[PDB]
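# Architecture at a glance
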Amino acid sequence: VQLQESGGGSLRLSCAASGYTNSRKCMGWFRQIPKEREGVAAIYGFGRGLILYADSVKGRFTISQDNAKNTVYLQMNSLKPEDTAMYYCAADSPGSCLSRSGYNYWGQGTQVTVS
Amino acid sequence: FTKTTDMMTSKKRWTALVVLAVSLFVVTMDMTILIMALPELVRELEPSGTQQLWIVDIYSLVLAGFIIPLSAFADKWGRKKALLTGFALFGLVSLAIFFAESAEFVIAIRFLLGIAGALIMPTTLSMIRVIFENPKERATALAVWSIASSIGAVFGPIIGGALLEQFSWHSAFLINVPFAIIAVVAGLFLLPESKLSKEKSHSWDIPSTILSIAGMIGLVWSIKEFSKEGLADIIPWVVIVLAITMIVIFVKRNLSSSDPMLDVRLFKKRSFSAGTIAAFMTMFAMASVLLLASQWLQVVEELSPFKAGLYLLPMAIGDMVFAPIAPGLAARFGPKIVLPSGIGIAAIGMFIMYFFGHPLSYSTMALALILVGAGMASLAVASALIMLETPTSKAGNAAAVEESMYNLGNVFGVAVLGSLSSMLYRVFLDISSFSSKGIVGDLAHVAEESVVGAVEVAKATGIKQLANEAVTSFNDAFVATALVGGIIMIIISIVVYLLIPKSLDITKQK
Amino acid sequence: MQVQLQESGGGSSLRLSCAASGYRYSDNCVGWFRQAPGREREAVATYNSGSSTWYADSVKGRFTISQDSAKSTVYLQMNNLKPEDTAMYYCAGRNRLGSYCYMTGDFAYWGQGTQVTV
């Protein structure tokens, strides 16, 4: 229905989502060890966008959006080999970001791991 | 046809008034139509940060700045010709938006539109005095003018929303072209001429014009910067002090010099001063209440801006009902009771917002907005009082004083009471208590920025106590500023009651 | 919609439970009161502004209050009881303002009534 992307392994990944409007909706990232898609960061579509981070990744991660291809560009440091997880990117949620809840869309994610 | 007619006009001159009245109404809507069209334009072009703020500031700055010299230009150039020129320039600039090179072009268009509008409101009030020479008839003539100048602020959001829902953004001015054109088609066919003679008019004064324009613009912009940035910066401080001293220089130049641009001698008469003071604090009320109630309807009842504006009809209908009956009451009760009574009723209607409606509901808001509309309608009596004892040329001069005090009152009320409301909202919300359990840092600023921002950050963050707390804090702040405005209004009402002399009466000028 | 409050758990440490009703963001917005036999109604363990729990001076340390958004309810657990309590222990809902609920002031809705025995 929409598009998704992936990233490399260290350094950091970058998602994408063709289509979509995200004028109010919630659009963010999730991860999971082999149990739950806890979540790391999200953006809510307000003036210049409201950014919400997780408790364990605060400051270490940077997330931004481009209003030219609805990209989900991301960057980070402190690539500790403990968050090697089934990373995913989702959008189009009514609210309550960073929580596994009502979502009208989900991607394929990406295959990333650190040794 | 002809731009020189003596004897004023026959018994059909009333139609002329109508031709002016409705037209002025349209002219007082444009700014509102722009404001709710601000986001749309932003989508199509580059707001470029400060450019988007200049877009909304330039029209108020120019209107408050070029209002005194243009009145003298109209007086020495032909009042009918000045009005027609203003209308034609307004129509041409409204058609010029069709070329959407969205750029500095918008700023230039708004500047030219403000310059054109500076010749509309000051000139129309003087033309009303010129056409009507009878106190009993002039009172009921000015009542209709009062309704229009202001039914416009309330009716702006409704028409703007109806226009923006259909058509497109560039229709925001396209509706104003066929309506304004008809104006001139009648403005040349049922208007007299005044054209104050060269006998008492000397050559134009460059220093008076430059000093007045710069002082007025500096004052308005310093007030706006005070409201936006707070009383900590040094540049607005120096700007306001220089503007005040330059206004003092202008007053001292106009006091003693021969044939002054704005003869400051009507303020000696108490009748002029009473109305001049009344207009400022009459506009204070709406400048605060309209915006604050629009935000309250936006947030609490969860309505769209179009419907939020539509819900504010009772304020308009109260004025529309009370204004026509005002001159009849003033003629038989005198002004000393009637004019303060409107301000007092507005104060009562803004008190009932606090005393009775701490958990405000829409019924209380409507039954308060009606009383606020009564004090809105008192502007007709106040305007009448201003032009009660004033010769023709001095009346053409005094229309400028009326309009300048009106606009300054709007700016002052908006800035001061909006700043008070924001400060009260920030102190009542107490965002520092939501740190360890959620909102910290950047998000906190949003929660302090506006009630809508706090509500949506609560919705996104997943913590729900913030939404209820923010809505309660905004309600309390709105009600508190309503009470403060009521106190100011009563205090001003006492002054206006004490100012008006006993023998004064809107009829029997001499 | 007029909110309806139901109470349970009362009877013969004990957990009282009060169920919520029509409400958006139905959390931190329902309190506990009690109508003592000798005295009038009293304020025990409600929610203040910001984030504060206003326990009564008598039962400040004995009582505890908890809330769960899922299946919106409120729980009041009483331990180390004393020669007071008994009473009625009304549930209470805050005065709605529009759809949002919170408001500085008094409570408007009062639930059913009595049957706390100690």
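Calculation notes
Per-chain numbering applies: from 1 upward along each written sequence, possibly unlike the entry's numbering, with residues missing coordinates excluded. Whichever chain is written first becomes A and whichever ligand is written first becomes 1, with later ones labelled in order. With hydrogens and water excluded, all non-hydrogen atoms of the structure serve as input to the side-chain values. Residues with missing side-chain atoms are left out of burial classes, side-chain pairs and their counts. A pair of strands is labelled paired if DSSP reports no fewer than 2 bridges between them. Here a helix means four or more residues in a row that DSSP labels H or I, a strand means two or more in a row labelled E, and each is numbered from the N terminus. Whenever a helix is involved, its axis is fitted only over the stretch in contact; in every case the axis is a line through C-alpha atoms, and angles between N-to-C directions fall within 0 to 180 degrees. Contacts are assigned to residue pairs that have any heavy atoms within 4.5 Å of one another. Computed with a 1.4 Å rolling probe, the buried area is the accessible surface lost when two parts are put together, summed over both parts. For salt bridges, the criterion is a side-chain nitrogen of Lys or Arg within 4 Å of an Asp or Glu carboxyl oxygen. Identification of polar contacts relies on pairs of N or O atoms within 3.5 Å, with a donor-acceptor requirement for protein atoms, meaning one able to donate a hydrogen and the other able to accept it, and with residues adjacent in sequence counted only if both atoms are side-chain atoms. We define a nonpolar core as any set of buried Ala, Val, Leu, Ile, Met, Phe, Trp, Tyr and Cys residues linked to one another through side-chain atoms lying within 4.5 Å. Only protein chains enter the calculation, and the probe is 1.4 Å; a residue is then buried if its accessible area is under 20% of its type maximum, exposed if over 50%, and partly exposed in between. Amino acids outside the nonpolar list (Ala, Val, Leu, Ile, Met, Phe, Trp, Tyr, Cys, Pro) and the charged list (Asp, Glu, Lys, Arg) are all regarded as polar, and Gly is one of them. Note that a disulfide, as used here, is simply two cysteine sulfur atoms within 2.5 Å. Left-handed is the label given to a crossing in which the near helix is rotated counterclockwise from the far helix by less than a right angle, and right-handed is the label when the rotation is clockwise.

Its PDB record attributes the structure to cryo-EM, giving the resolution as 3.8 Å.

This paragraph deals with the sheet that holds strand 7 (residues 63–68) of chain C. All names here are of chain C. The 4 strands are arranged 1-2-8-7 in an open sheet whose pairing can be described as antiparallel. A strand with exactly one partner marks an edge of an open sheet, and here the two such strands are strand 1 (6–8) and strand 7. Going across the sheet, the axis of each strand differs from the next one's by a mean of 20 degrees, ignoring polarity. Note: strand 2 (residues 14–19) against strand 8 (residues 73–78), 6 bridges, orientation antiparallel. Looking at strand 8, one finds that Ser17 is bridged to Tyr75.

Our focus in this paragraph is the interface of chain B and chain A. Taken together, the contact between chain B and chain A spans 11 residues of the former and 11 residues of the latter. Buried area between chain B and chain A, summed over both chains or domains, comes out near 880 Å², and the portion from carbon and sulfur atoms is 62%. Our count for the chain B to chain A interface comes out at 2 salt bridges. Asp442(B) is the salt-bridge partner of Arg48(A), the closest N and O atoms lying 3.5 Å from each other. At the boundary of chain B with chain A, the tally comes to 4 residue pairs in polar contact.

Our focus in this paragraph is the nonpolar core. All names here are of chain B. The biggest cluster of nonpolar side chains holds 113 residues, and the ones touching the most others in it are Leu312, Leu339, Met365, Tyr425 and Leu466. Top contributing element to this core by residue count: helix 14 (residues 270–299), with 16 residues. With sequence-adjacent residues up to four places away left out, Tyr425 is seen in contact with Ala447, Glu448, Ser450, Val451, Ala454, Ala470, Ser473, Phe474 and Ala477.

Okay, the interface of chain C and chain B next. With 17 residues of chain C at the interface, the matching set in chain B holds 20 residues. Buried surface at the junction of chain C and chain B, summed over both partners, amounts to about 1600 Å²; 57% is from carbon and sulfur atoms. The largest contributions to the chain C side of the interface with chain B come from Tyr25(C), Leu97(C) and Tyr100(C), which together make up 38% of the buried area. Inspection of the region where chain C meets chain B yields 1 salt bridge. One salt bridge in this structure joins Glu302(B) and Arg24(C), with 3.9 Å as the shortest N-O distance. Applying the counting criterion to the chain C and chain B interface returns 6 residue pairs in polar contact. Among the residues forming the side of chain C that touches chain B, the class breakdown is 7 nonpolar, 8 polar and 2 charged.

This part covers the pattern of salt bridges. Residues and elements named next belong to chain B. Tallied over the full model, the rule gives 14 salt bridges over all chains. The partner of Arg13 in a salt bridge is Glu137, with the nearest N and O atoms 2.4 Å apart. Here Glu137 lies in helix 9 (residues 135–165) and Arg13 lies in helix 1 (residues 13–27), a separation of 124 residues in the sequence. When its relative accessible area of 21% is taken as the criterion, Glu137 is described as partly exposed. The partner of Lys224 in a salt bridge is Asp57, with the nearest N and O atoms 2.9 Å apart. Pair noted here: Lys224 is in helix 12 (residues 206–229) and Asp57 is in helix 4 (residues 50–65), with a separation of 167 residues, a long-range link.

Next up on the list: the state of the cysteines. All names here are of chain A. Using the criterion set out here, one finds 4 disulfides over all chains in the structure. Sulfur-sulfur distance for the disulfide between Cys26 and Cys97 comes to 2.0 Å. For the pair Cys26 and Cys97, one class covers both residues: buried. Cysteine pairing in chain A follows 1-3, 2-4, where each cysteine in a disulfide is numbered by its order in the sequence.

Residue and element names in this part refer to chain A. With antiparallel pairing, the 5 strands of this open sheet are ordered in space as 4-3-2-7-8. Of all strands in the sheet, those with a lone pairing partner are strand 4 (50–53) and strand 8 (105–106), marking the two edges. Where strand 3 (residues 41–44) and strand 4 come together, 4 bridges link them in antiparallel fashion. Its bridge partner being in strand 4, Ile43 is matched across the sheet by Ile51.

So, on to the arrangement of the chains. Summarising the chain contacts, 2 pairs of chains touch, and the pair with the most contacts is chains B and C. There is a clear gap between chain A and chain C: no contact, and 12 Å between their nearest C-alpha atoms.

Another aspect to go through is unusual backbone geometry. Backbone geometry at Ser48(B) places phi at a positive 60 degrees, although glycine is not the residue there. Within the fold, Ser48(B) resides in the loop between helix 3 (38–44) and helix 4. Assessed through its relative accessible area of 45%, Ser48(B) is described here as partly exposed. One non-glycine residue, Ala45(C), lies in the positive phi region at around 60 degrees. Secondary-structure assignment places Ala45(C) in the loop between strand 4 (41–43) and strand 5 (46–47). The exposure class of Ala45(C) is buried, given its relative accessible area of 1%.

A word on the packing of helix 16 (residues 313–333) of chain B against helix 18 (residues 362–386) of chain B. All names here are of chain B. Packing of helix 16 against helix 18 leaves a shortest axis separation of 7 Å and a crossing angle of 40 degrees. Crossing of helix 16 over helix 18 shows right-handed handedness. Across the interface between the two elements, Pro314, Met315, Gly318, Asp319, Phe322, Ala323, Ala326 and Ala330 of helix 16 pack against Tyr362, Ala366, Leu369, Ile370, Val372, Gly373, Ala374, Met376, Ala377 and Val381 of helix 18.

Right, let's get into the pairing of strand 2 of chain C. As paired strands, strand 1 of chain C and strand 2 of chain C are joined by 3 bridges and run antiparallel to one another. The residue of strand 2 of chain C that forms the bridge with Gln6(C) is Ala19(C).

This part takes up the side chain of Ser493(B). All names here are of chain B. Within the secondary structure, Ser493 is located in helix 22 (residues 465–499). At 3.0 Å, the side chain of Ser493 forms a polar contact with the backbone oxygen of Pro340. Those residues in contact with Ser493 that lie beyond four places of it in its chain are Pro340, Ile343 and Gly344.

Attention now moves to the pairing of strand 8 of chain C. One face of the sheet, then the other: side chains in a regular strand alternate in exactly this way. Residues and elements named next belong to chain C. Two strands pair when backbone bridges link them, and strand 7 and strand 8 are joined in this way by 6 bridges, in the antiparallel orientation. Opposite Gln67, over in strand 8, you have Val74 as the bridge partner. Linking strand 7 to strand 8, which pair antiparallel, is a turn of 4 residues; within it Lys71 sits at a positive phi near 50 degrees.

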